[PDB]
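Visitor: One structure, pasted below without further comment.
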Protein chains: 2
Amino acid sequence: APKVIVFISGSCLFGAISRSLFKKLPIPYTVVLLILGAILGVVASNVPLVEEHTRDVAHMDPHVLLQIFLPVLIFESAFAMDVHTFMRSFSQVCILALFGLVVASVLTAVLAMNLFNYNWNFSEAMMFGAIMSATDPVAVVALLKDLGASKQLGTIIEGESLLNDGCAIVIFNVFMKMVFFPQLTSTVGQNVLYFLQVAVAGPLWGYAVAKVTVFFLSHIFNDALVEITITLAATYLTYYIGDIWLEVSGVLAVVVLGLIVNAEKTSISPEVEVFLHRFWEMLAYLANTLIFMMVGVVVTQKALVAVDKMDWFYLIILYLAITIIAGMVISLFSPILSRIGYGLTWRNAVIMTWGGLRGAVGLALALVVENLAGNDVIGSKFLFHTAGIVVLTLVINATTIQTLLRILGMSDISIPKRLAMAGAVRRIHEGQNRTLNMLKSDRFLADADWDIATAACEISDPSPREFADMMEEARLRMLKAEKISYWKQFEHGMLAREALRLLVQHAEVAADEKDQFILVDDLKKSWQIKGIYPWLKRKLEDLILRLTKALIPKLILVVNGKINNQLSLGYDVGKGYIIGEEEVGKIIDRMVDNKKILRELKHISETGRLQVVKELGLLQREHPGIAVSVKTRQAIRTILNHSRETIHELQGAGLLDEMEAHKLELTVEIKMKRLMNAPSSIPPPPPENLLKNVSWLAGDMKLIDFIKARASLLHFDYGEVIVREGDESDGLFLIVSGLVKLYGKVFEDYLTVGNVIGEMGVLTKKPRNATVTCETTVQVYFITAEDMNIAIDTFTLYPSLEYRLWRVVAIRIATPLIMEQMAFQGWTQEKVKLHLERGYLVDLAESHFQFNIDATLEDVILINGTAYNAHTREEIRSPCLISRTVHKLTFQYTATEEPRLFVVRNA
Amino acid sequence: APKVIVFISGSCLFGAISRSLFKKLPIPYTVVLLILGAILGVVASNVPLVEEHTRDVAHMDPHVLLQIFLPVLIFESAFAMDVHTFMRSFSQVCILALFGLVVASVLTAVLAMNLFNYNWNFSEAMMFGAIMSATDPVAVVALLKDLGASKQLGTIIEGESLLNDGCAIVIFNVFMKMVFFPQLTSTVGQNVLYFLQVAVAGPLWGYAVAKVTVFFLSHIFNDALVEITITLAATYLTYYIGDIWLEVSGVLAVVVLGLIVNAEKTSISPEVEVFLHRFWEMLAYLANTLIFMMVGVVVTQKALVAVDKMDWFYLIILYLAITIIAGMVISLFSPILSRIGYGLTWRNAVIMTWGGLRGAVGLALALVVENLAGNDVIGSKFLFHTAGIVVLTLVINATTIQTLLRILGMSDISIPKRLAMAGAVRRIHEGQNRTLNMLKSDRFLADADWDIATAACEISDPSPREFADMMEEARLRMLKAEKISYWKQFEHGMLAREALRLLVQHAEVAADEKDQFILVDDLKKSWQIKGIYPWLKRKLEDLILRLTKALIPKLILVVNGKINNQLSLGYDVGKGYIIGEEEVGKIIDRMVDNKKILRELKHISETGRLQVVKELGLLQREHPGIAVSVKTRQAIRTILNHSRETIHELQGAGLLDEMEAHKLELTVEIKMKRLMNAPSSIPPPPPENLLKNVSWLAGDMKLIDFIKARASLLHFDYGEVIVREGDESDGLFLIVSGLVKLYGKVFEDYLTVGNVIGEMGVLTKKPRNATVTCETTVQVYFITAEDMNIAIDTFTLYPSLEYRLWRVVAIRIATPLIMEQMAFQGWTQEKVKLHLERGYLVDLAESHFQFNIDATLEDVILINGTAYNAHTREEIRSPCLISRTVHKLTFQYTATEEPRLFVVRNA
């Protein structure tokens, strides 16, 4: 009877002990596992009882490693990394990893044939070279996360290592079949059919199974067990069919399935995702520790008997050669990746050629060769060299990668993240100190030992020359302010993960730029990359065997989704840059003191803002329906994010527990899941629908009837001028289609479909502010001024039309004042807009044209009329913010400027 | 070659389909699984290919069910329930479940022997009864959670079902060995040794393994993989040794191990706990669905061939009989456990005798008997009757339990939980509406389709007669106010889960009481329980083979922990009642309008408060060191809870992401884990340690030296009077040991160690306010008033001694004023104290004896002196809260009452 319980339980215990002991040291814990296996091998060789309890797991069948261990390791490597970043980098990852592995394998094989004194064939040498080009990603990314360096390097290394592992597995299988089973014959047609099966139909089978699984899982809400069991059964069935089809080369199907499933954010709830990740992590951890123990035992028992000093010399030579050829291939193929438009730096390449740590895939393949060789010495040589190379890499490269990162300067921390962390932990410490001072004076806790409490309230704490000086300080100021603004926008819930990554990466790239602060052309490449052949295919299918007829409309949906996935990123990037520039425009005046410097800074910032807003406007013009769809998605996403923030704030006030927190977060996540299933092609609304969607027109059917019965459609062509400066306010416009340029006294702005021009001209009855000119063929809605006066005099409800118009223009006027006057550390544009939305407009007629100032209200803004105060005879003219010290506001009644105040109350 | 892939994959798919389809219906989804298995059995009987793909899993070895399925089901039943409540109910759960199951098994066996026409022995009948007396907890607790009834009933049902399952497994094993393997002989000594092995040494082995595992896991921080793998390997090794020892009756060891491990909140991380729970949930789910499929197949193929109408008649009779005998045994044994003190009600007794749903344990045992019987008809009869009873229970009892719950009136919701949910969802809706109004006027999102957004912002929405009328309304007001106050105290983070449960359960019990609102003795039974054997054992060991000498000090630690586990609950319960009573007393005055009624209510509430505070003080006097330890634990726990609340509030302001949220929450949880490992016996600190721990003395070593150089230690016996009303303030006291009663003009309070008497009489130099009398022999620290004046004149730093004394007495004075004036819905006592900690005493000598009023400061309290205002000639006398409308504060300089103001600002 085989005995396996003691070995596996002892391996679990040894893995735990070695994991805990060597966490602080930079050397990985797996070399300790190999050492323990070696000691156990000596003991089992010299003691028969330990041999009886060791040999059943130490020398297993090679099909255990080929059919159980290796698929688990490779699938966990695929399943434990980000998928969207891999998709964004695959165009270079594929070519780099595949051709680098091919050249490295061929060079190592040639070195084995011509330098090693063993009379090895070409197939044995190619098996040898495929074994020793198979890196380990998890150790490298653990080191990178521990050192806190850039994550783009981490995901690039992860993708390169996964492709290396897959190609090495395929090449090893192909040459093992030739070396150990020579009865099988090969022809050119059979070889090309085998390549077509392995490289094309395998991943296609995995893709199909993953798609069917995700389609089935979408129909299931709030069921973790069903999702977990269905995902695991689909994984097993994919592996099983691919296995009985392609032997060891059928791992690409489950690799593709893992990549597809890991990218799911709607059909699979986050708790299911974290359970599946921990499940596969534990399985791969067990396989790793078992493999290292048995390779230690077998190396000690068999390999070290038949080695000489020449084998050690060959080991050192091979260790030098693999690093040299890796550096050679990366240096040779770096210019080719540079010419394609997505290159890599020099420091990143230096880290890349050094972080090639070998792992358990090569050790498993060497164990397979050792089992299959039998009494031949080739298996012993394979195991000796593979174990030596693994030990040398884990001993040298793992310790020197942190040294190289420190020397090369990639270990620095980003300033906004450090500032946010420091502010959070200092706020935590101040709150804890306040709690301590509260507790020390308690009537009941007046007898405790306060030394323990004071020790336990501690956090882990995670001339033209001067002109050039101020201009470089201003450049640094814009860089850091843009960085913190983009971070705040992401934290509020505006920017997406990909959009935030692109924005901060471009900011880091452009920090060293001196000609321009932020180039609009890179952002243009970010959003103006549509028009790709999917769009032409969609047009062709629109202008265009019964199953083919049924399948034709089903590609329209998928190509619409493909266009949407890029339009959303482009819109997010452009909107984030616009909001960041608008936020930095306010704080840059207070801190920059040189008049000419701030003049040219404002000039370049303004012109960049006009270019990005114009480009976004024409981009919306080009693709209407997908634009409407992504705008709706963004609106509902922001609504859900603010609901989540409301839940968190209610938790922070001590009014709701984690049970109800999960209960309401589940409803929010369900709403998000049903949102992501919405159609991605909403047709553009008719102009009457947009007229019914005006902010100060909704809620009153008779108002919309009155407006639509007496409004006019006006069409304008290129270059037309609708209104000019100083003209009498003829009426209120509404841009319902096209782009329009509003410029004059000397500001500029570009307005699009859905905006209203002339609210202030109709309400306050002053002439036009600036000249409005044409850009495209614009259709607008026209309502005359006398029309609007009649409409104002008609409706007199509690939310009257005049009140709504004045509230809209009041928030519009008061947002810059509130933002500029209280631009503290943490006052963003959206926070100011929401705070003003919490306010209301005060009618002073009911208060006998007088107003008091309390302490509960936060802001009081004078927007129309002139404010007076008998106390010290204060006089304030609109538009201005009322000072905190004025306590009485008296107003006069005059027909030219009615007194209108906008106040904000607190909770 | 056996074929098992199609059957298991189809069972997974069928379980998913039946789970999703029958979620809304109250009938469980497992009857659909049995129906599908029956159809598959018919098809496989009539088609040879389906039989070939079915018979390998449909007819498995009985050792698969005995060694794999049943341990998994029983361990998951043990592992998936709260354990602390199981200890709190075990004293009745053990006797009720064990004796009820024994009587039910014997009655069912007698019914099988005498009524069924099958000539069955006594051992076969007892096997029958043990099979039919094994219930199922998961279905009934799912129904109870869906209907939202009380959770104590669910806990009782879970424990009763787990004991039923364990002892039914034991009885079935014992009688199966006699029925099917009669070569084994039995004697009295062998039987009693077998009982000693099964019932005593098995659970002891499980307890020992669980304790060693928890001790090993305590030494590992921030390692999920090591904890998960070590816990799972310990579970397997416990099961394996208990299995090879006691066959099927060795499941009690893993049941005990699961119960112990489920209690771990420090050594095992919450993420590890949720992973392990989901893991065992999935394993038990697979076992359940597989069992139901094979029981359907085998019932159709074999059982339904040898069944007549008499068998159906016997099935109905047995279904009536099992329910009748369950009701009979619960009604007979209800008075016995009612006389012990902890009884059960009538409605709960009616409900719990109906929720005896049979499940997969009895089905697995019937399948085992079917496999072992062979060609005999006894196995077919067992399977037929067990399947029929399972079907009848799942069809009748599961549908009628919700009807009985609705009729009996326990489906109601608690008022504070409903109010909290309603407030939270309405705040969410208001925030979403504000976000919608913000988005509809955006310059960029002015083209989206707003119907989708407006539809998607929706929440799931989860005469003496009149005198008696007002008194009953006042009783309802106290009940609701106490309930909401206890809930708020729990949510903030002082009340423990057990303490909150006890408090709300006693409130619900006492809601119908008319003699008293809350009985003090019912809580004395909650804190005064430690007059038991552990205290005397600790005393004996204190006043008291080398391993025995080393083990003697190690029982002191465990008995100290056992005392602490009850002292903490008592302190939490008493403190929660005290705080809730204070809050309701501060809030009941504005609500009640009858003067005599509120006078009597205040009198009775005050008397209750004095009794509970006196009892708590004497309890602290009884056990000093454990009391100091629990007070320190409570202080650090409150500090950590407020740090967690700070993290949540920072997230709710949109300044921190989930990654950094988990990063800092991990540090907080690590600090909590290292706090829970602290010693549970801190010796009482010396009196000088208390003298150096005063709130207005810390931070200045010279101050403590000056005080200690001229302080006096005063001893008093029972009945002594230290100060009386109207006496000149001789000095400042400090109670350093004992209890003291401060009563007079007509309030009354009880003070203990660590409190200071006479701060106001020294600071303001007015005579004493109330007479201070003695309760126990008190040691106090006395400092003369002249020495205090000298110390005041000596130290003149920025945080001067006079400033600290005035700040302490200022917060003490101003807490009731703020907590009474503006006690809205959501302002608790700790909230007022924490808000007041942010304030400061403002200095008017620097400000030329005049003070302005800002619009950002929240509270301004006049505490010393008289406040004046030339505007409208306002005059306010201390102590009073400054009205919101007063804008100017001017003060005069007079030696009798120096003007001291306490102001509060915001962030």
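All residue numbers here begin at 1 and follow the chain in the order shown.
If you check the header, you will see the structure was determined by electron microscopy, 3.1 Å.
Cβ coordinates are placed from backbone N, Cα and C, and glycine is handled just like the others.
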Visitor: Which residue range, A:467-512, A:789-834, A:835-880, is the one Swiss-Prot calls region 'Interacts with the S4 segment of voltage sensor domain'?
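Guide: It is A:467-512 that Swiss-Prot describes as region 'Interacts with the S4 segment of voltage sensor domain'.
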Visitor: Per the topological domain annotation in Swiss-Prot, are A:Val179 and A:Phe221 located on the same side of the membrane?
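Guide: Swiss-Prot topology: A:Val179, A:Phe221 on opposite sides of the membrane.
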Visitor: Which range, A:4-23, A:724-743, does Swiss-Prot list as transmembrane segment?
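Guide: So the range that Swiss-Prot calls transmembrane segment is A:4-23.
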Visitor: Looking only at Cβ atoms, how many others are within 10 Å of the one on A:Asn769 (3',5'-cyclic AMP binding site)?
Guide: 18
Visitor: To the transmembrane segment (A:90-115), which of A:63-79, A:122-147, A:250-263, A:346-373, A:378-408 is linked by the most Cβ pairs under 8 Å?
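Guide: When the Cβ pairs under 8 Å are tallied, A:122-147 comes out ahead.
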Visitor: Counting CB pairs under 8 Å, which listed stretch among A:4-23, A:29-46, A:122-147, A:250-263, A:378-408 touches the transmembrane segment (A:271-304) the most?
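Guide: It is A:29-46, which has the most Cβ pairs under 8 Å.
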Visitor: Near A:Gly761 (3',5'-cyclic AMP binding site), which residues of its chain come within a Cβ-Cβ distance under 8 Å, counting only those 6 or more away in sequence?
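Guide: In sequence order, the residues whose Cβ lies under 8 Å from that of A:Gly761 (3',5'-cyclic AMP binding site) (at least 6 apart) are A:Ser729, A:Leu732, A:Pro767, A:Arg768, A:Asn769, A:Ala785.
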Visitor: Can we call the transmembrane segment (A:250-263) and the transmembrane segment (A:63-79) in contact, meaning three or more C-beta pairs below 8 angstroms at a sequence separation of 6+?
Guide: yes
Visitor: So if I exclude everything within five residues of the ends of the transmembrane segment (A:63-79), which remaining residues of that chain have a CB under 8 angstroms from its CBs? That is, six or more out.
Guide: 137-138, 158, 161-162, 165-166, 169, 235, 239, 243, 247-248, 251, 254-255, 258-259, 261-262, 276-277, 280-281, 283-284, 287-288, 290-291, 360-361, 364-365, 367-368
Visitor: Other than its close neighbours in sequence, what residues sit by the topological domain 'Cytoplasmic' (A:264-270), given a CB gap under 8 Å and a spacing of at least six beyond its ends?
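Guide: Counting only partners 6 or more residues beyond its ends, the topological domain 'Cytoplasmic' (A:264-270) has Cβ contacts under 8 Å with 214, 217-218, 222, 224, 227, 231, 669, 672-673, 676-677.
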Visitor: Given 158 unmodelled residues, what's the whole-number Å distance between the CA of A:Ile544 and the CA of A:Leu545?
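Guide: Logged value, Cα of A:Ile544 to Cα of A:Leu545: 15 Å.
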Visitor: Counting only residues 6+ away from its ends, which parts of the chain sit with a Cβ under 8 Å from the topological domain 'Cytoplasmic' (A:24-28)?
Guide: 139, 143, 394-395, 398-399, 402
Visitor: If you take the centroid of the Cβ atoms of A:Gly758, A:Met760, A:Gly761, A:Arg768, A:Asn769, the listed 3',5'-cyclic AMP site, which other residues of that chain have their Cβ within 8 Å of it?
Guide: A:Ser729, A:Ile757, A:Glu759, A:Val762, A:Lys766, A:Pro767
Visitor: Per DSSP, what is the helix/strand/coil residue tally across the region 'Interacts with the transport core domain' (A:497-512)?
Guide: 14 helix, 0 strand, 2 coil
Visitor: Any contact between the transmembrane segment (A:346-373) and the transmembrane segment (A:4-23)? By contact I mean 3+ C-beta pairs closer than 8 Å, pairs at least 6 apart along the chain.
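Guide: No, since the transmembrane segment (A:346-373) and the transmembrane segment (A:4-23) share fewer than 3 Cβ pairs closer than 8 Å, they do not count as touching.
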Visitor: Which bits of the chain, at least 6 residues beyond where the topological domain 'Extracellular' (A:374-377) starts or stops, bring a Cβ under 8 A of a Cβ in it?
Guide: 118, 306
Visitor: Suppose we draw a 10 Å sphere around the Cβ of A:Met760 (3',5'-cyclic AMP binding site). How many other Cβ atoms does it contain, all chains included?
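Guide: By my count, 17.
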Visitor: Using DSSP with the three-state reduction, classify A:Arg768 (3',5'-cyclic AMP binding site) as helix, strand or coil.
Guide: coil
